[PDB]
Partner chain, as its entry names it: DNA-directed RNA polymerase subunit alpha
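One chain comes next, on its own, written as structure tokens: the form deposited without its partner chain.
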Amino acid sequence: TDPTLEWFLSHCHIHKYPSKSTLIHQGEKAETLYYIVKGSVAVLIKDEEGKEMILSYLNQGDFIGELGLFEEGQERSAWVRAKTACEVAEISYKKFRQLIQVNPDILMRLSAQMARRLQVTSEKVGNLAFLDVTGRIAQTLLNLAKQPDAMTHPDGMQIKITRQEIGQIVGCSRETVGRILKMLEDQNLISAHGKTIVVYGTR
């Protein structure tokens, strides 16, 4: 932390959420902004039957609930769920705008994050439009294997995730994921036992 973060937080209300809890409900009126002090969350949307699609994972340093800031009468566009325990700062849009008046760098930071999220989401549209499930899963496994929470392994990198969650990322049933992971292992591209998956030749 530094004097700027402390200055910012002194204008916020800090709350702690346990793993699996819901921070933002899709459809509710948006009047506040959040800043992740510690922890990680998953951004998701769902269909009429409850099927879920994960749009993104966010971490400490990331703002959340920002899309309603620029125009009143807006509703939350997605659900945000705590992936681990989280410490989150909350502030009304009304007061956040006053803070921008005294220190506009805060808007620059928020804007940069939205820009990155738009590039990532546009790429997802492409993957879904141009790639079959095998290609989407293959790319998703390589991407996770290169994140900072991924563990090293003599044959490449190791990650821990369920077939169901992979299905929520790539847009397919958990059964299809399971059948493809076995084919990938037969082709000796990976090794998977339980939630532990080893991605080979990532190095």
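Positions refer to the first chain, counted from 1. Think of the rigid core as the biggest set of C-alphas that the two forms share within 1.5 Å after superposition.
| query | Comparing 140-148 with 164-172, where is the mean C-alpha B-factor higher? | reply | Averaging CA B-factors over each stretch, the winner is 140-148.
| task | Can you let me know which of the two, 70-78 or 112-120, has the higher average C-alpha B-factor in the entry? | result | Taking the mean C-alpha B-factor of 70-78 and of 112-120, the larger value falls to 70-78.
| field | Member of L99, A89, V133, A129 with the greatest C-alpha B factor (per the PDB record) | value | The C-alpha B-factor peaks, among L99, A89, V133, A129, at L99.
| task | Compare the C-alpha B factor of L9 with those of the other modelled residues in its chain, then answer lowest, middle or highest third. | result | For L9, whose C-alpha B-factor we compare with every modelled residue in the chain, the answer is the middle third.
| message | Considering every modelled residue of the chain and its Cα B-factor in the PDB entry, is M183 in the lowest, middle or highest third? | response | Highest third of the chain for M183's C-alpha B-factor.
| query | What third of its chain's C-alpha B-factors does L23 belong to: lowest, middle or highest? | reply | It falls in the middle third of the chain.
| message | Which third, lowest, middle or highest, does the C-alpha temperature factor of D62 belong to within its own chain? | response | Answer is lowest: the recorded C-alpha B-factor places it there.
As for the form deposited with its partner chain bound, it is not shown, yet the points below apply to it.
| Any non-hydrogen atom of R163 within 4.5 angstroms of its partner chain in the bound PDB entry | Answer no; every heavy atom of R163 is more than 4.5 Å from its partner chain in the bound PDB entry.
| Looking at the partner-bound form in the bound PDB entry, is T202 within 4.5 Å of its partner chain by any heavy atom? | Yes, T202 sits close enough to its partner chain in the bound PDB entry that at least one of its heavy atoms falls within 4.5 Å.
| Is there a heavy atom of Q158 no more than 4.5 Å from a heavy atom of its partner chain in the bound PDB entry? | Yes.
| query | Using heavy atoms and a 4.5 Å limit, would one call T152 a contact residue for its partner chain in the bound PDB entry? | reply | Yes, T152 lies within 4.5 Å of its partner chain in the bound PDB entry.
| task | Determine, with the core as the superposition reference, the one member of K46, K29, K146, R174 that shifts its CA by 2 Å or more between this form and the one not shown. | result | The only residue crossing the 2 Å threshold is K146.
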